[PDB]
Structures are given as C-alpha cells and as structure tokens.
Colleague: 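Pasting a structure below so you can have a look.
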Amino acid sequence: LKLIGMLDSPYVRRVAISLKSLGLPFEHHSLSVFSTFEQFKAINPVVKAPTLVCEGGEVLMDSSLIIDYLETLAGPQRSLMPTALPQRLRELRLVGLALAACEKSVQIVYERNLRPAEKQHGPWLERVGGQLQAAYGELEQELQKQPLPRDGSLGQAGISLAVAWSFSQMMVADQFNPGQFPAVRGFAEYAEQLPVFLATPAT
Amino acid sequence: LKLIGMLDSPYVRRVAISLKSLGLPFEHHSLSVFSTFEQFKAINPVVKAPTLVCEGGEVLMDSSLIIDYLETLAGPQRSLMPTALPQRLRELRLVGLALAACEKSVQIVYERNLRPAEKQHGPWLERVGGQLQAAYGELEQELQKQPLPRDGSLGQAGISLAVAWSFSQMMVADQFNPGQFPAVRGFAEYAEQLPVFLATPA
Ligand SMILES: N[C@@H](CCC(=O)N[C@@H](CS)C(=O)NCC(=O)O)C(=O)O
C-alpha cells in the first residue's frame, strides 16, 4: 500500500494515522499536489491528496473513502468506528465537524496563497472564517457535554479532531486566540503526544 | 429523518437518492446555504449542505458520512455498497472519482458566481477544469473496462456518477465537447430515466 500526499494536509494525515492505528503497513510518498504537480499527476491524474495506491495498483482518493477501504481490509476487529447506532452517530457527527473545520481552514489557505491579493475576496473569507468558528464551536459543545476518552487508544473522531485542530493552528492561527476552544485544544494536545501522532508529524 | 439542502447540489442529491434507494423515509427541507443562510444556520451553525437531522435531533454533515449513517440504519441487506474487497475497492474508486468531479464542478461554479469578474483567477479555473476532465476521463476508462448494470437497480457508484454527470452538464457544460465520455454520459442519461431519479429532480 502507498499513501501519496504531504502530512501537512489534514486529509493525508488522518489517513496516515488511521493506517497505523489499523495495523496496516504502507509506504509514504511525500508529494505535493501543487509543487510536484507532474509527479503527483503521474500517479493520480485528478491530482487530489491523499491518494492511496492499493496492492494491485488500484488508485483511490478522498480520505473518507480511503479509510472505508482500509477499514474493510483490516476487518471489524480493528475498526476505528463504533457500530452501535447512538455511538456511531456521535462519532460521525464529530468527524463531520472536524472535516468541516479542515475544509474551511484549507479554503482560507487557498484563498490567500493561490491567487494575488487583488483577486482575494473579503466576503468569501468572512463566510468561511465564520463557518470555521462554528465548526470548532460545535465540537467544543460536544466535548464539554461528553469528554473523549484518554486511554491511549483512538477512534476516528479522536484522530480527525486532533489532526484538524493542529492543522488550523499551523495554517490559519490568525482565526484563533489563546484559551479559545479549551476542550478541543486540550484533547488535540493530548493526542499529539500519543506514539502514533508523534510518529506521524504534520511537519 | 430530515434532509436539509437543495437538490441542485450533487452532494444533497446523492443523499436524497441514497435515502430512497435504501428505503428510508424522510422529510426534505429545500434550503439554500446562500439564499437562506440564516434559516440554514439555525439548523446547522456550520451551514453545509447536505445536513441530515436524525430522529433524535442529532445533526450530521458531509454526504459520505451521512450515507455511512444511513447504511447503518438500513442494514446490510439494503446496502448500496459491495462487501467483497475487490468489488468494494472498485466501487470506492468510482465514487471517489465522481465526488472529485462534483468538487471541481462546484469550484468552477463558486469561482464564477461568488466573486465579481475582477476577483476571478484564470490559473485556478484552468487547473480545476483540468482536474474535472481527468476525473471523467478516469471514470470513462473504468466503465469501458466493466460496464455498469442496467437492471433498474443502483449502487453508490451508479448514484454518485449519474448525479455528478448531470450536475456538471447543468452547471459547467462549457467545459465539455459533445462526444466526450460516452459511457459516462450514457449511464447518467439511463439513470436519469429511472423512477428514483425522476422522482428526485435536480
Ligand atoms: N474530500 C477530500 C478533500 C482533499 C483535499 O481537498 N485535498 C487538498 C490537499 S489539502 C488538495 O488535493 N488540493 C488539490 C486541489 O484540489 O487542487 C478528502 O477528504 O480527501
């Protein structure tokens, strides 16, 4: 198995940590969809990261679909997802919120770095920034109501939430202030000291 | 169950058709993340469509996660996904390509409508347009290799691919030449005449 993409992308990182958490060995090819376009295009012409090349050479994209494939390959015993409806529903909500925070953080990065200042649109940044704040706000309320376990093991919500938070702090820190979203920050900083996160640095 | 969003969004439409295909009843609330921002924000502060409000009131977002939840409620017998690894791998590859097509199509729409002319960036549109072509090119090769069944039934790949194609032709047709991707076009046009697609207009 081969994971194509840079770990500074939260989508690539959540897959990398999911792979390790599921016990599936793999090769990591650190390629950028922007600075090594041709090299990435040679593997996946759609040029989307993460891209997973399976044992037979099949190419997959989209972090959630890649993880669905990995979950299938690993078997139910290793699932990072609860199966009971209530519990799974909650997990899906947390992952959804975390992925929304990822999407909005990335949209801000793209708006500011992929086009000249003159073409940057204030109303767009305002909207996206508000959505980013809402996402972490919802996550904060969920965690304040029901804290995540800190037992050395991780579920998809924990992985995705930690990866998302650390990414936002690295790339769009100007959207945050010290002490903000204490529950989310607290869990992310706890997760970042777990062996699997330490072995998969974003940078 | 309540589905919040407009069917012109391929992400919302894929969920709507998945719901019907899984046999799960639901209420459809046709709300726009743009023209009815506040109303949508009151239901989901993040303002992302589709949003699914569960029986208990829980709010879920992201079409793939929503469908995962729905697959769970519906049970294995109703699954729109193959379980055997080789077949599930292919299905996931097809869905991934379809969603990539949706993403790039939406990005072109956003670039051309959420900012005035002088804010539009040509290099970005050219990049995204190229990725859109690549997504359907890959899908076309997959279909030529193994055609999709036309027995009135649908899998997630079929639903997502058809919704993606129809969306692209409706919103960014200027990116396509008529003879391109005949197998993809062919399947989408077949699917659109199926009862579930006719009962769920975009
Ligand atoms: N739904 C995808 C989103 C991945 C994504 O937007 N990746 C970025 C890197 S952070 C990218 O490939 N940008 C290249 C492009 O869209 O041109 C996932 O969860 O993998």
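All values below were derived from every heavy atom in this structure, side-chain atoms included, with hydrogens, water molecules and symmetry-related copies excluded. In what follows, chains are A, B, ... by sequence order, proteins preceding strands, each numbered from 1.
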Colleague: Only counting residues at least two apart or in another chain, list the ones meeting salt bridge (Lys or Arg N to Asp or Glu O under 4.0 Å) with A/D174.
Modeller: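 Salt bridge (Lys or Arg N to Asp or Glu O under 4.0 Å) check on A/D174 returns A/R112.
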Colleague: Pair up each side-chain donor or acceptor in residues 25-34 of chain A with any protein partner under 3.5 Å, not counting sequence neighbours, and list the distances.
Modeller:
unit_1, atom_1, unit_2, atom_2, d
A/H28, NE2, A/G5, O, 2.8
A/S32, OG, A/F34, N, 3.0
A/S32, OG, A/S35, N, 3.1
A/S32, OG, A/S35, OG, 3.3

Colleague: Just grab all the side chain to side chain donor-acceptor pair (under 3.5 Å) pairs involving residues 143-152 of chain B, residues at least two apart or on different chains.
Modeller: B/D151-B/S153
Colleague: Listing request: all ring pair (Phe, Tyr, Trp, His ring centres under 6.0 Å) pairs with a residue in residues 125-173 of chain B, at least two apart in sequence or in separate chains.
Modeller: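 Residue pairs with at least one partner in residues 125-173 of chain B: B/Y136-B/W165, B/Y136-B/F176, B/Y136-B/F181, B/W165-B/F176.
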Colleague: Just wondering, are more than 12 heavy atoms of other shown residues or ligands nearer than 6.0 Å to CD in A/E58?
Modeller: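 Yes, enclosed.
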Colleague: Please identify each residue that fulfils salt bridge (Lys or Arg N to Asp or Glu O under 4.0 Å) with B/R88, with sequence neighbours left out.
Modeller: A/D68
Colleague: Which atom pairs, donor and acceptor, lie under 3.5 Å between side-chain atoms of residues 11-19 of chain B and protein residues at least two apart or in another chain?
Modeller:
unit_1, atom_1, unit_2, atom_2, d
B/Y11, OH, B/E103, N, 3.1
B/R13, NE, B/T200, O, 2.9
B/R13, NH1, B/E192, OE2, 2.8
B/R13, NH2, B/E192, OE1, 3.0
B/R13, NH2, B/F197, O, 3.4
B/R13, NH2, B/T200, O, 3.0
B/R14, NE, B/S160, OG, 3.0
B/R14, NH1, B/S63, OG, 2.8
B/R14, NH1, B/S64, OG, 3.3
B/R14, NH2, B/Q156, OE1, 3.2
B/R14, NH2, B/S160, OG, 3.1
B/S18, OG, B/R14, O, 2.7
B/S18, OG, B/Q156, NE2, 3.1

Colleague: Suppose we screen for side chain to side chain donor-acceptor pair (under 3.5 Å). Which residues come up paired with B/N44, at least two apart in sequence or across chains?
Modeller: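 Listed in chain order: B/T51.
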Colleague: With sequence neighbours left out, write down each residue that passes side chain to side chain donor-acceptor pair (under 3.5 Å) with A/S79, or none if nothing qualifies.
Modeller: A/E71
Colleague: Please name the residue in the list A/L194, A/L148, A/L80 that meets the side-chain contact (heavy atoms from CB on, under 4.5 Å) test with A/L154.
Modeller: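 Testing A/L154 for a side-chain contact (heavy atoms from CB on, under 4.5 Å) against A/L194, A/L148, A/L80 leaves exactly one candidate, A/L194.
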Colleague: Can you name the salt bridge (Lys or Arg N to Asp or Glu O under 4.0 Å) partners of A/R90, sequence neighbours left out?
Modeller: A/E142
Colleague: Using every non-hydrogen atom in the two residues, find where B/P182 and B/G179 come nearest and quote the distance to one decimal.
Modeller: CD-O, 3.5 Å
Colleague: For B/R127, which residues count as a side chain to side chain donor-acceptor pair (under 3.5 Å) partner, sequence neighbours excluded?
Modeller: none
Colleague: Can you sort out the partners of B/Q175 under side chain to side chain donor-acceptor pair (under 3.5 Å), two or more places apart, ordered by chain and number?
Modeller: none
Colleague: Can you list the residues that meet the salt bridge (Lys or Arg N to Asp or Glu O under 4.0 Å) rule with B/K104, with sequence neighbours excluded?
Modeller: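 Partners of B/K104 by the salt bridge (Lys or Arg N to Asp or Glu O under 4.0 Å) criterion come out as none, since no residue qualifies.
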Colleague: Using a 6.0 Å cut-off, check whether atom NZ of A/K41 has over 12 heavy atoms from anything other than its own residue.
Modeller: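 No, because the 6.0 Å sphere around NZ of A/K41 holds 12 heavy atoms or fewer from other groups.
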Colleague: For B/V47 and B/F40, which heavy atoms make the closest approach, and how far apart are they?
Modeller: CA-CD2, 4.0 Å
